[PDB]
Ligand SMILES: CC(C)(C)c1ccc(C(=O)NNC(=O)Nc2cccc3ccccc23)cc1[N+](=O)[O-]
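Just the one chain here, laid out as structure tokens, in the form solved without the ligand.
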């Protein structure tokens, strides 16, 4: 079949460009570029809540990463500033985020930069974890390696990453998911960084929930946030127990609208 390998670059997405197949019209995302690790980790991934990797090509000095096109864009653009989004939408997005993080941790991979800018949505609004540029293997041959590298985005990083030389990988991703949940329900970030010098972080540890952003969040999802945003990473809730939380299993959202007629 001629010209089936030809792709037209039509527009910029983030450099990330939208590529359309000349024959089939299939839309994919092409990342034009550390890189050796990013490609190797992407080759390991296959999950409905993780951005698909189709392959790569090296044209001299420029690397082309052929990745899944998510038409719904970033989760970031679904959060209304100072408001957030309806609680049933946030719960569905957090469910899908947990599925992706369970998968990644299961094959021994930590994302290390979970934030709404890296959580993409497909045509049916399904969440997909993207950007494995900061990702690393924390478990090899069923042996866990403790991390020591400073990775992430300060409002989403766990406090152990700033206070300890070494730390476990999994509680760091759990913490960033908790800040993502906060952003979805309150439309604002609680602190600039989780340090004692940050007044907003100090007030949370002092349980001053009468202040923003916590005053906008209902008691049921707030009780879960009280279990995730725990300073001690050893005392912090694990994903198996997040799945047992009362709000996590609270019926709130209906299914996708489905065409129906009467009489």
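Positions refer to the first chain, counted from 1.
In what follows, reference is made to the form solved in complex with the ligand, a form of this protein that is not presented.
* Might residue 98 be said to contact the ligand in the bound PDB entry, defining contact as any heavy atom within 4.5 Å? -> Looking in the bound PDB entry, residue contacts with the ligand do not include residue 98, since no heavy atom lies within 4.5 Å.
* Check whether residue 189 has any heavy atom within 4.5 Å of a heavy atom of the ligand in the bound PDB entry, and answer yes or no. => Judged by the heavy-atom cut-off of 4.5 Å, residue 189 is in contact with the ligand in the bound PDB entry.
* To do: May I ask you to state whether residue 166 is within 4.5 Å of the ligand in the bound PDB entry, using heavy atom distances?
  => Residue 166 lies outside the contact set for the ligand.
* Taking 4.5 angstroms as the cut-off for heavy atoms, does residue 79 touch the ligand in the bound PDB entry? -> Residue 79: yes, in contact with the ligand in the bound PDB entry.
* To do: Answer with one of 114, 174, 127, 183: the residue that has a non-hydrogen atom within 4.5 Å of the ligand in the bound PDB entry.
  => The residue in contact is 183.
* To do: Counting only non-hydrogen atoms, choose the one of 137-145, 90-98, 157-165, 114-122 that falls within 4.5 Å of the ligand in the bound PDB entry.
  => Of the stretches listed, the one contacting the partner is 114-122.
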